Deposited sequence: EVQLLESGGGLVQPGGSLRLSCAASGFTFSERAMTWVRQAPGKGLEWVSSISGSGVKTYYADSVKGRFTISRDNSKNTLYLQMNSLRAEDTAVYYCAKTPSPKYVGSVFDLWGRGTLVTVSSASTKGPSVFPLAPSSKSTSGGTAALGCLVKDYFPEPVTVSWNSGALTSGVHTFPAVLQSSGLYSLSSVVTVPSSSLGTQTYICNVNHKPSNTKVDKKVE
């Protein structure tokens, strides 16, 4: 019934701007304080900003004060985070959260949205190259190296979704190039090699890269 859904975000340059939006359904929006919380890749949770139901009172983390503005439109059930002077500090998944704040309880983030990714970098959008991971007992491994893309995310399947068991797709790493890389691997019978074709399917929507890579 109750739902929050974040829009906006994407890749921006340092010094740049964004506006996140959060659409509320299934509760009386004007009666509830709302909050933005963010989560940097592979890190914990950090409070960004909160706003009273009325929109009159705002509150900010010191690191974002006078760069970010929290606002809301009670008429259209929408919460905003306007972001200015962005820096890489700000790269994170941003969540909006309904914030009841009862007397003798304080603020509680009782319902959270799905999250939207903000990436701040001097690097421009770049599609990956997809290289094979091949052998140089009974189990063998193969995979695809999805190298030098930006920003996140990428998705990988195998044999167009016909192969899923024994599949592992790793979280990306940030390289010294400032670009991402990840691998997706599968284990198969060593017998089945050179007999059945294994294909990895890589989608990087930011660059409109969509690749099928024959591995073996």
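Quiz item: What ranges of the deposited sequence are left out of this structure?
Solution: Missing C-alpha atoms (numbering from 1) occur across the range 137 to 141 alone.
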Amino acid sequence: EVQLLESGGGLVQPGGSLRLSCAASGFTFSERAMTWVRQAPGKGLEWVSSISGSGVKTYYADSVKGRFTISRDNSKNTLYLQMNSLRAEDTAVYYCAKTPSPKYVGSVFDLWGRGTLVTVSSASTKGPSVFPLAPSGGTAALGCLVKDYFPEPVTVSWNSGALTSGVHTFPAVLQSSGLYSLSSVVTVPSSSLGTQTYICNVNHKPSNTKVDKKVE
From here on, numbers count along this sequence of modelled residues.
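Quiz item: Which has the higher mean CA temperature factor in the PDB entry, 23 to 31 or 186 to 194?
Solution: Per the PDB entry, the higher value belongs to 186 to 194.
Self-check item: 121 to 129 versus 67 to 75 - which carries the larger mean C-alpha B factor in the record
Solution: It is 121 to 129.
Quiz item: Which has the highest CA B-factor per the PDB entry: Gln175, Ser52, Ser49, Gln39?
Solution: Comparing C-alpha B-factors across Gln175, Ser52, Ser49, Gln39, the maximum falls on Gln175.
Quiz item: Say you rank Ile199, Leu11, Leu18, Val202 by Cα B-factor from the PDB entry; which sits at the top?
Solution: When the deposited C-alpha B-factors of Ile199, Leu11, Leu18, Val202 are compared, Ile199 is largest.
Quiz item: Which third, lowest, middle or highest, does the CA B-factor of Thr58 fall in along this chain?
Solution: CA B-factor rank for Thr58: lowest third.
Exercise. Can you work out whether the C-alpha temperature factor of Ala140 puts it in the lowest, middle or highest third of the chain?
Key: Tercile = highest for this residue's CA B-factor.
Practice problem: Rank-wise, by C-alpha B-factor, drop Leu86 into the lowest, middle or highest third of its chain. | Solution: As the PDB entry reports it, the C-alpha B-factor of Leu86 lands in the middle third of its chain.
Exercise. Name the third of the chain's ranked CA B-factors that contains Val93, choosing lowest, middle or highest.
Key: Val93: CA B-factor falls in the lowest third of its chain.
Quiz item: By the record's CA B-factor, is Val146 among the lowest, middle or highest third of residues in the chain?
Solution: Middle third by C-alpha B-factor.
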